[PDB]
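Participant: give the three-dimensional model of this entry:
(chains A, B, C, D, E, F, G and H)
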Amino acid sequence: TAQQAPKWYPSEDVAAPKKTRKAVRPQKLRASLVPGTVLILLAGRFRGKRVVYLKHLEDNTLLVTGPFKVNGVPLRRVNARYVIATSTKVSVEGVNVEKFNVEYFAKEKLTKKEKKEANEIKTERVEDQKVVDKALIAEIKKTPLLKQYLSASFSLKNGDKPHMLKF
Amino acid sequence: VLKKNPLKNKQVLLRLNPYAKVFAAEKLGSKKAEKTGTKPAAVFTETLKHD
Amino acid sequence: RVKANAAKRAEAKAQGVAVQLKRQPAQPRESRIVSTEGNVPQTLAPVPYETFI
Amino acid sequence: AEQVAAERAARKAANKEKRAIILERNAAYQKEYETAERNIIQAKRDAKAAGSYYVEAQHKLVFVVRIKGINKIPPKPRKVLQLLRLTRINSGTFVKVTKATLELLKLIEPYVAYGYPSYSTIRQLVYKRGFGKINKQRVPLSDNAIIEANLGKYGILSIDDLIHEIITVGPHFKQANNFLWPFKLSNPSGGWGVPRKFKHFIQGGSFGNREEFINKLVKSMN
Amino acid sequence: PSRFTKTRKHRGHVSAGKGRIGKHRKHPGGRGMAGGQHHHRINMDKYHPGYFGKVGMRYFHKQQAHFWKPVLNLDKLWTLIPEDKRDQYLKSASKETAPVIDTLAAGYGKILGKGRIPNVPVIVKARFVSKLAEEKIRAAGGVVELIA
Amino acid sequence: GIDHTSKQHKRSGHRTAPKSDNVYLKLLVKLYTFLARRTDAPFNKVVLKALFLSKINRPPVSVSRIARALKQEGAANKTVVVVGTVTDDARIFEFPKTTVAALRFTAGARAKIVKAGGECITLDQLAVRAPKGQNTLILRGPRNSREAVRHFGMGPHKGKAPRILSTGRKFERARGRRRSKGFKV
RNA sequence: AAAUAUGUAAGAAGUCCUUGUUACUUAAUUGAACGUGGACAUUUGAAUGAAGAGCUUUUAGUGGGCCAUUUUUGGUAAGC
RNA sequence: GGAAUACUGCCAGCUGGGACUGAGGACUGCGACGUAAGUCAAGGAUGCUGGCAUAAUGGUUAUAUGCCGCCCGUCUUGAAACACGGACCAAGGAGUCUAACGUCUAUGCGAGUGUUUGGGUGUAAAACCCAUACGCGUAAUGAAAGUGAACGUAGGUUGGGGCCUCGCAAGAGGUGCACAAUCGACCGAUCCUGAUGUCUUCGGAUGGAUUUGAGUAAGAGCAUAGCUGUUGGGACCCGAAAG
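Facilitator: Residues are numbered from 1 along each chain as shown, chains lettered A, B, ... in the order given. The relevant structure is shown in the block below.
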């Protein structure tokens, strides 16, 4: 032989894991996040956008609308730690958001075979945007300058201290 | 396999002390004291304020 | 002390009051009440420097 | 012989009998601790109202924390620190206050900071840093059964029974104290409160008899 | 075997177990038995008292054959009898059948009375005997006849 | 740092798992490492501990030493256990009917016990017969009767058998051993 | 005439009651020493701790020392 | 005169943010909430989601940066030393063998042990087999002439593992190997004492002694082997002025 042998061999059966006691419980969002509040996006494609908070989805995310007509932000979901909850609020009564859920936002992840060598939107997702923002744009008008406020991006100026600012 | 602290992890505290439930329910940590009206004698105050 | 222990144990064996033959070290003093009846505290002060020669 | 519930119920029921005893014992200790404190508080007032002074009973228990390290120690203080089981820096031990022991603490003053512990300090020490010397091994208590199996000969059935034997120096203080491993305390969280430690607490350092201020230091180290 | 020695273990260590001060030398204290009444005096007295001086009278031309006298004690006295016949003399513990044990034929010069032969009479032939050795043989019924 | 009161990482100082490569002795150890653990009988721990002993720590036990031990009151019908060697004694002429368990029996010792109606058994036959050491009598041979022990602790005024090769007159029988020649020891 | 150092003791190999031995001792069954029988057990003779206790054999290296607080000799003093 | 606040202390009062860690691997335990089913933060981390699936993470290596780092060996109380050896590289280079021994350990036999000087034999320096001797041990003590180990269950006492009897147990009793202390007995030497007797000068029974031995008191040794230590040998290696 080149190597003689291991005189005792180890078993090859995988042992089951023990009974774990990590039970899932609903997340307690911070009190500043109440539906209808205006949010400022901190990261992503639409960071710096002031945006309206509608609903708390099942997978710990927030259902949020621009509205799209105002600043070009569609019906998305965002992480709760990537937004700033502002004091300004707009009413969401008359807006039906029970339809939207986790399965509403699905990607149908592409296969590894499909390769983008060099390089659309669902018809119902466009129509769902028009239904929600129609009942929400009307609620904006009662507050003056609110449409202009939501249409302008947020940014930090020289001397702005986030630890001292109020949003 | 792991030491879980009492004084936190209230489950472990309840395991060690069955009285911890009664102690919390009766607010025995903030028990009031009945008011007494005793007053120190004239000698004690005079000695205390003596030059 | 040995013969005093045997007599103490034998005498107290008739009624069994936990004879307690072991010696003990000096224990801390208990509480007490000290009165000022004729014992009003006398105020003392440090003295200034002198020569005394 | 299934024996999965015929004997399981017998142990489960017998467990309830022990828990009930602990619950009523701990209830009586709370009534005993509170009664003594109010009586002492009232006794000071009544003597003041009667014109006399109340002289409290001298303290019977101290908690000793070794402050000095292990190098460059004279033999006699080093021998005493071993007889108090203080073989490490920031290690604690309860001592019965007698004449035979107060001379021990006089020999190790430059190396220990001690004082009179309160019920809060003793309770938080044993609950968090309480370890039993079982079969010459340092075993976390973590359960009444470990105390029951070893200290049960002296009527100590739970962790509160053991604590009651420390705050009140009882007939079996020695057996309960030695049953406890020396406490392994950390460094104080807010610091030592002084620039230099190796002076007397009176002179402005850390070591010596700090009477009731030991509770503040110990809790920070606990 | 050299592979189990401490020489194979001291490879890489400078002094090979001899010390940096001791500096293993040729003969730091002398050769053989040098200094017996001198710097090796304590070891001699403690461990070999009586080494020096002379104690007795000489003997020129001592032949260690005038002194050949191996001693046999009475406690055996029966290992000389073959074990095959040894048994039946114990039951036949009578005279006129007493076995004859020639100690000289077994290579012994004197018989000493260490003790406790059985109560069987026996004939013992020997060159020399001790006083107590014979008293036990005569008490057991046997006799001691001297040979040369 | 710790003010270590006692030596750290110190071994017990007792032999376990005896250093002999005898496979049959390791089997007897394996049988008594089981009995000692699971029978909580003091006998099984003494025998197992005695199985680790070196040659000088299990001296032979003669048959006369076995016979004398059976003369003790009430020990006539006890099983003699000798972890070691049983040798033969010609100094005794009567041997009782008894059972002896030992590691080894010399040829003379076996004949003496067998001829008297007794039986010689091994320690594993004792285990199946007396698993808890019932009615046993453990015997030990003399330890300090060895020749080497005479020379341990040599010193003045001790009478401790000088380590000598040749004896007789003019071999260490002189100054240091009589007042006539200097001093006496 | 201190302080600091230092010896001994704080029990079972002990205490108590009765009587056995002897060639020592006593004016003397008086002692001395060792005993038989009986009574006294985990608070069984202060505290603290004990990490096991006790015992043996054998052999290595070493046998130039130096420094510091304190006591101290010689020397004016010295990193003497 | 009535309150408040400070300060100190307690709560088995509540609650927000940050950091590091996730060891173990079917179940068993101690607990908590519910009438129950069951559930739980109760003897150690899980659930959901994304991008990538490739030198991206990562290993190596050179460089740069921040901080740190004096030349190794040696004698010495003290070496980076203005103490000594070392310009560099390859190869060689220093506790070995033998005779006789001590302690320990392994092995076989065991009051015995050693076949190997030699003889027989052989598949021929091997292997196998064997007689008489002899070495050591089984008796010591004396300078020697000489003598030479049981009053007694091979003794008494104090401990003593284990075993046996009773006891649920704790404990009580019996027996107690090895071993430890002690008091005795026996053997040899020394100093005494000196019976029956007699070649009347031999013999040495009997009984003692703060004397002595490397002794006895139901034997342990012999043989081989290993580490370690000792001695003589060149003796761990190299080194005189000499004769």
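
Participant: backbone dihedrals for the residue of chain E found nearest chain C, please?
Facilitator: Closest to chain C within chain E is residue E:46: 47.2 Å, counting by C-beta to the nearest C-beta. Any C-beta I mention is one placed from the backbone N, CA and C, and that applies to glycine too. In terms of degrees, to the nearest 10, the main-chain angles of residue E:46 are phi -70, psi -40.

Participant: then residue A:74?
Facilitator: Residue torsions, per degrees, to the nearest 10, at residue A:74 are phi -80, psi -170.

Participant: close to chain C, is the biggest helix by length in chain D?
Facilitator: Determined from DSSP state H, the single longest helix within chain D is helix D:8-49. Yes - judged by C-beta under 8 Å from any C-beta of the partner chain, helix D:8-49 comes into contact with chain C through D:43, D:47.

Participant: can you tell me the element the residue in chain A positioned nearest to chain F falls in?
Facilitator: Of the residues in chain A, the one nearest chain F is residue A:7, at a distance of 17.6 Å by C-beta to the nearest C-beta. Counting by DSSP states H and E, no helix or strand carries residue A:7.

Participant: separation between it and residue F:17?
Facilitator: Separation of residue A:7 from residue F:17 (C-beta to C-beta, to the nearest Å): 20 Å.

Participant: tell me which of those two has more neighbours.
Facilitator: Higher neighbour count among residue A:7 and residue F:17: residue F:17, with 10 against 5, using other C-beta atoms under 10 Å in any protein chain shown.

Participant: surely the more buried one is in contact with residue F:33?
Facilitator: No - proximity of residue F:17 to residue F:33 does not meet the contact threshold set by C-beta atoms under 8 Å, at 9.1 Å.

Participant: hmm, the helix or strand hosting residue A:86 touching RNA strand H?
Facilitator: Residue A:86 belongs to strand A:83-89 when elements are defined using DSSP H and E. No - for strand A:83-89, no contact with RNA strand H is found by C-beta under 7 Å from any atom of the strand; the gap never falls below 13.2 Å.

Participant: count the residues that sit near the residue of chain B at minimum distance from chain E.
Facilitator: Nearest residue of chain B to chain E, counting by C-beta to the nearest C-beta: residue B:1, 42.5 Å away. When neighbours are defined as other C-beta under 10 Å, residue B:1 has 2 of them.

Participant: hey, where'd the helices end up in the chain?
Facilitator: Since no chain was named, I'll use chain A. Using DSSP H, the helices found in chain A span residues A:68-71, A:123-141, A:146-151.

Participant: switch to chain D, please.
Facilitator: Under the criterion DSSP H, chain D carries helices at the ranges D:8-49, D:75-83, D:99-107, D:119-129, D:144-151, D:159-167, D:173-179, D:214-221.

Participant: one more: chain B?
Facilitator: With DSSP H as the definition, chain B shows helices at residue ranges B:10-16, B:20-25, B:42-48.

Participant: JSON lines for the ones you listed, including distance to residue E:16 and mean neighbour count?
Facilitator: Listed next are the helices of chain B as JSON lines, based on distance: least, C-beta to C-beta, whole Å; neighbours: other C-beta atoms under 10 Å in any protein chain shown:
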{"stretch": "helix B:10-16", "distance to residue E:16": "61", "mean neighbour count": "15"}
{"stretch": "helix B:20-25", "distance to residue E:16": "69", "mean neighbour count": "13"}
{"stretch": "helix B:42-48", "distance to residue E:16": "84", "mean neighbour count": "13"}
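
Participant: hmm, back to that, would you agree the residue of chain E closest to chain C is in contact with residue F:156?
Facilitator: Yes - judged on C-beta under 8 Å, residue E:46 makes contact with residue F:156 at a distance of 6.5 Å.

Participant: residue D:144 - nearest residue in space that isn't next to it in sequence?
Facilitator: Spatial nearest neighbour of residue D:144, chain neighbours left out: residue D:158 (4.5 Å); criterion: C-beta to C-beta, 6 or more residues apart in numbering or on different chains.

Participant: which residues touch the one you found?
Facilitator: Going by C-beta atoms under 8 Å, 6 or more residues apart in numbering or on different chains, residue D:158 touches B:16, B:17, D:22, D:25, D:26, D:144, D:147, D:148.

Participant: sorry, back to before: redo the helices of chain B as CSV? Include distance to residue F:40.
Facilitator: Converted to CSV, these look like this (distance: least, C-beta to C-beta, whole Å):
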stretch, distance to residue F:40
helix B:10-16, 33
helix B:20-25, 41
helix B:42-48, 71
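
Participant: what about the ones you listed, which gets the closest to residue C:19?
Facilitator: helix B:10-16 (38.1 Å; C-beta to C-beta).

Participant: ok, the residue of chain B closest to chain E to residue A:15 distance?
Facilitator: Residue B:1 is 16 Å from residue A:15, by C-beta to C-beta.

Participant: and whichever residue of chain B sits closest to RNA strand H, what does it touch?
Facilitator: Residue nearest to RNA strand H within chain B: residue B:29 (2.2 Å; C-beta to the nearest atom of the strand). Counting by C-beta under 8 Å, 6+ apart, residue B:29 touches residue B:23.

Participant: who touches stretch D:66-80?
Facilitator: Residues contacting stretch D:66-80 (C-beta under 8 Å, 6+ apart): D:81, D:86-92, D:104, D:107-108, D:110-113, D:197-198, D:206-207, F:1-3.

Participant: so residue E:55 makes contact with residue F:172?
Facilitator: No - under the criterion of C-beta under 8 Å, residue E:55 is not in contact with residue F:172, lying 9.6 Å apart.

Participant: neighbour count for the two, which is higher?
Facilitator: residue F:172 (19 against 16).

Participant: that one and residue E:48 touch, don't they?
Facilitator: Yes - between residue F:172 and residue E:48 a contact is recorded at 5.7 Å, counting by C-beta under 8 Å.

Participant: shared neighbours of the two, anything?
Facilitator: In contact with both residue F:172 and residue E:48: residue F:162, using C-beta under 8 Å, 6+ apart.

Participant: can you pull the phi/psi pair for the residue of chain A closest to chain F?
Facilitator: phi -70, psi -20.

Participant: what residues are up against it?
Facilitator: Contacts of residue A:7 (C-beta under 8 Å, 6+ apart): none.

Participant: residue D:118 against residue D:212, yeah?
Facilitator: Yes - if you go by C-beta under 8 Å, residue D:118 and residue D:212 touch, sitting 7.4 Å apart.

Participant: who has more neighbours, these two?
Facilitator: residue D:118 (16 against 12).

Participant: number of residues surrounding residue 49?
Facilitator: Chain wasn't specified; assuming chain A. 22.

Participant: actually it's chain F I care about, not the one you picked
Facilitator: Neighbours of residue F:49 (other C-beta under 10 Å): 15.
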